[PDB]
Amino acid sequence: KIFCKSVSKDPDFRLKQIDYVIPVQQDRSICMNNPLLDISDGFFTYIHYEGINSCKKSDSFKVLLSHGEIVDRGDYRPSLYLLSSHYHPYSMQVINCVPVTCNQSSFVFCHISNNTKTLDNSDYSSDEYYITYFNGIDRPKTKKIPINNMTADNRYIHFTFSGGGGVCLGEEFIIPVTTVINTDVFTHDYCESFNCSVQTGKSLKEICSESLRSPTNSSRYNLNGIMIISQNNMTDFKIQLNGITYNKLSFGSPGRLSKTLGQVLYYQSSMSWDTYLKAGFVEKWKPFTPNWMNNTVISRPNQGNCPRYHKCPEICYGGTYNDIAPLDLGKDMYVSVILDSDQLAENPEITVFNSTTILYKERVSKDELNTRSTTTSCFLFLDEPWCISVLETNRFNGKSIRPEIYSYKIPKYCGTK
């Protein structure tokens, strides 16, 4: 509980890159993209997609699933021990996957479909959803989720598991999900309170309603939510689909649930007009109400009319996924690898921040580095706070594309270099 908690320069994160976990592909044309990582109770689950001359998720043919353990090697730092590594049996039909580390095994929740455009012109009854689970010894097993016996809190027509990680609470799995609904049932009191220039075309009430529409169908709305899956031994499933609170709604986007410090932290990537950090601890579960933070310093780059630090409501789409991880509940401290650029996805920086001020930061690379998304997970190691982050990098514009894993420690004292 003793580490740097003040505004300072020159932090010593003791940063180290991990290279033996992520495989190295012999083919230079293959792009390894969209990594996911969830750590819990000393075990982790790593996932990434492989495609040919394209780094798009559904534009793939392989989906890697890795299980491992956190181990002390006497190195005075945590090490990743890879135990099992498998490819998803339905990879060529995977639309999205979310990892969950429960107890001492890996769990992968994937959405499989024949139609890459299923979210724009189809419904969830036309698709299938599976749980693939394994550990260091057991062979991987894939079970189909019975969405037929599912109960929903609203008239949803489609959904996909979308996010950087899930959570295990007792016998229930809670996975972040993005839902689709074809009628405007939503309110926007928070956005309507903004004091911005009125666009000559539409009103502020119209801007915020329409900003929840899909940019590829416009008759559909993308609303974030969670799915609660309880089971005994992959038997007698009870599945519930709850939407996120209508307080401070933002267009559907990949989220995250993480167990940290006795609370449950929810993160939602800001892919619409509110370019500041959407995150918060869970107050109620039905409806899924995270106590949204009022962060005024953490944002993300994007092209178009909503770049970094953009505040005003606007029909915008785009952004980057950047997980956060809490360090101290009383001091309201979090850590995150964010992108230090207004419009381009580049220059990742490890950032320890308040809701109101940035405490300290450090660039990951001295050279300019392209990075499309980051995820961060922190844990106690040797009675000290350590974190592991994965960055979706493209440093070799001439060699193959591959994500990178970094491990670092929160500085014990401020300003040591």
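From 1 onward, residues are counted along the sequence shown.
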(request) Averaging the C-alpha B factors as listed in the entry, name the stretch that ends up higher: 296-304 or 198-206. (result) 198-206
(message) Tell me which stretch has the larger mean Cα B-factor in this entry, 377-385 or 349-357.
(response) 377-385
(request) By the entry's C-alpha temperature factors, tell me which of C312, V94, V180, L80 sits highest. (result) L80
(request) Using the entry's values, work out which of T132, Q268, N154, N148 has the largest Cα B factor. (result) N148
(request) Within this chain's modelled residues, let me know which third the CA B factor of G280 belongs to: lowest, middle or highest. (result) lowest
(request) Using the B-factors in the PDB entry, rank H158's C-alpha atom against the chain and give the third, lowest, middle or highest. (result) lowest
(message) How does the C-alpha B factor of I137 compare with the rest of the chain: lowest, middle or highest third?
(response) highest
(message) By the recorded C-alpha temperature factor, relative to the other modelled residues in its chain, which third is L223 in?
(response) lowest
(message) Considering every modelled residue of the chain and its Cα B-factor in the PDB entry, is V98 in the lowest, middle or highest third?
(response) lowest
